[PDB]
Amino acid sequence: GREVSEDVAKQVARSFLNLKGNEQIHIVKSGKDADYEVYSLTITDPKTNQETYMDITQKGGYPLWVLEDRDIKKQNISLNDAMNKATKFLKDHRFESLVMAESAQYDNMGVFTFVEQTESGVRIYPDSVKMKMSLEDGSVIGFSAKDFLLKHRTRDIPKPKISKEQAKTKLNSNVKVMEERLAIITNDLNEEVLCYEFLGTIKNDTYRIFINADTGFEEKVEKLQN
């Protein structure tokens, strides 16, 4: 967890992005005015002149943020296949204990959000990792662990004041529940609140509904896509 030199930040990049070695890498260090100590990399393909931007923490050399500025011409794989590849990528690159929270297809890309899961399975939605995958080949083209790496902290999570059964009665009568877990989200005013999270369908549309674990009141209702 020490500092790393600009040569070390280079090798992190090669491994994370599966670079073979013909890529020139232009690296920049954050100034003294900077809020965060980060190495800004601009990796250039020689074959095409496609550019990739990657940020790594000056301390500990953590993959913080990635963007391959590339438009995807063809969809060869399903969104579901992309989902699996994203999950595998995270596990292969030391991002463990994440679970998928959001998925969408946009401009021949799969866009995914994963969130931290505690030891006992509580989903910490603020502690998130965002991924964008090419649907042409399943490659990673965007990545952000800024929320996960910086908002993360050891929390001591309180006990619910209402049971999961009581929480479930707080749902609307038309909801068909398929799954329930405990979760931490912000309320509308940016403070962390413990909730029962329900995944279900309301008239064929899929919804995630959060019920406050102390009051039983709604905290968030979200339509999911598919």
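Residue numbers run from 1 along the displayed sequence.
K.L.:
With reference to the PDB entry, specify whether the mean Cα temperature factor is higher for 91-99 or for 72-80.
P.N.:
Higher mean C-alpha B-factor in the PDB entry: 91-99.
K.L.:
Pick between 39-47 and 60-68: the one whose mean CA B-factor in the entry is higher.
P.N.:
Taking the mean C-alpha B-factor of 39-47 and of 60-68, the larger value falls to 39-47.
K.L.:
If you compare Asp156, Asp107, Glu119, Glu116, which has the highest Cα B-factor in the entry?
P.N.:
The listed residue with the largest C-alpha B-factor is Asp156.
K.L.:
From the list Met54, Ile27, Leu171, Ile185, select the residue with the highest C-alpha B factor recorded in the entry.
P.N.:
Highest C-alpha B-factor among the listed options: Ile27.
K.L.:
If you rank the chain by CA B-factor, which third does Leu150 end up in: lowest, middle or highest?
P.N.:
For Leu150, the deposited C-alpha B-factor lands in the highest third.
K.L.:
Once the chain's modelled residues are ordered by C-alpha B factor and cut into thirds, is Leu189 in the lowest, middle or highest one?
P.N.:
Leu189: CA B-factor falls in the highest third of its chain.
K.L.:
Among the modelled residues of its chain, does the C-alpha B-factor of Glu197 lie in the lowest, middle or highest third?
P.N.:
For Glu197, whose C-alpha B-factor we compare with every modelled residue in the chain, the answer is the lowest third.
K.L.:
So where's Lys161 on the chain's Cα temperature factor ranking, which third?
P.N.:
Middle third by C-alpha B-factor.
K.L.:
Would you mind checking where the Cα B-factor of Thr206 ranks among the modelled residues of its chain, as the lowest, middle or highest third?
P.N.:
Middle third.
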